[PDB]
Amino acid sequence: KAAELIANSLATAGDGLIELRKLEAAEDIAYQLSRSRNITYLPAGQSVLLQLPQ
Amino acid sequence: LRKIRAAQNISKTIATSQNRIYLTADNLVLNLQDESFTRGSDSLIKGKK
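Reading guide: rules and limits
Residues numbered from 1 in each chain as written, not as in the entry; some residues may be left out. Chains lettered and ligands numbered in written order. Part of a larger assembly, values for the part shown. Heavy atoms only, no water. Helix = DSSP H or I, 4+ residues; strand = E, 2+ residues; numbered from the N terminus. Buried < 20%, exposed > 50% of the residue type's maximum accessible area, 1.4 Å probe, protein only. Areas by Shrake-Rupley, 256 points an atom, 1.4 Å probe, with all protein chains shown as cover. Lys, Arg positive; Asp, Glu negative; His and termini not counted. Charge placed at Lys NZ, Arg CZ, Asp CG, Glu CD. Expected span 1.5 Å × (residues − 1). Bend = angle between axes of the 7 residues up to and from the residue. Contact = heavy atoms within 4.5 Å. Salt bridge = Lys/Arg side-chain N within 4 Å of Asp/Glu carboxyl O. Polar contact = N/O pair within 3.5 Å; in protein donor to acceptor, adjacent residues only side chain to side chain. Nonpolar A, V, L, I, M, F, W, Y, C, P; charged D, E, K, R; others polar. Patch = residues over 30% accessible without salt bridge, like charges linked within 9 Å, V, L, I, M, F, W, Y side chains within 5 Å.

Method of determination for the deposited model, per the PDB record: cryo-EM, at 16.3 Å resolution.

Below is the structure:
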């Protein structure tokens, strides 16, 4: 039914409608397949306690 | 559209995958040394009356 609706709205919306829906969908497909990423640290502590001699 | 739905699911199930690294930590260790250790002394001839 969703297909029917999309097609119907597509038709009312004309060709331009079709094109960018296709591009959004393609973009979605690309999103789903492509996703990946990572972040990392080099965990090192260290702090400085500076004391003046008196 | 049943076909499309099935395709969505198949692509979705197949597609997903990733891996990540995490590093929980925090460095908390206490080394406490109080009265105990040694310095040094030289050599001197001493004598008390």
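Draft legend 1. Geometry of the overall build of chain B. A count of helical and extended segments in chain B gives one helix and zero strands. If one aligns the C-alpha atoms of chain B with their principal axes, the spans along those axes are about 110 × 15 × 5 Å. Of all 49 residues assigned to chain B, the portion counted as buried reaches 2%. Counting every atom, chain B has about 5800 Å² of accessible surface; 53% of that belongs to carbon and sulfur. Computing the positive centroid from 9 side-chain charges and the negative centroid from 4, chain B places the two 25 Å apart.

Draft legend 2. Seen up close, helix α1 (residues 2–34) of chain A. The end-to-end C-alpha separation of α1(A) is 26 Å, well short of the 48 Å expected for 33 residues at 1.5 Å each. Along its length, α1(A) reaches its greatest deviation from straightness, about 125 degrees, at A:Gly14.

Draft legend 3. Seen up close, the interface of chain B and chain A. Taken together, the contacts link nine residues of chain B with eleven residues of chain A. At the surface where chain B touches chain A, the tally comes to zero salt bridges. Our enumeration of links across chain B and chain A arrives at two residue pairs in polar contact. The residue inventory of the side of chain B that touches chain A, partitioned by class, reads four nonpolar, three polar and two charged.

Draft legend 4. Inspection of a nonpolar patch on the surface at higher detail. A surface patch of nonpolar side chains, amounting to about 360 Å² of accessible area, comprises A:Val48, A:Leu50 and A:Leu52. Here A:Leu52 shows up in the segment after α1.

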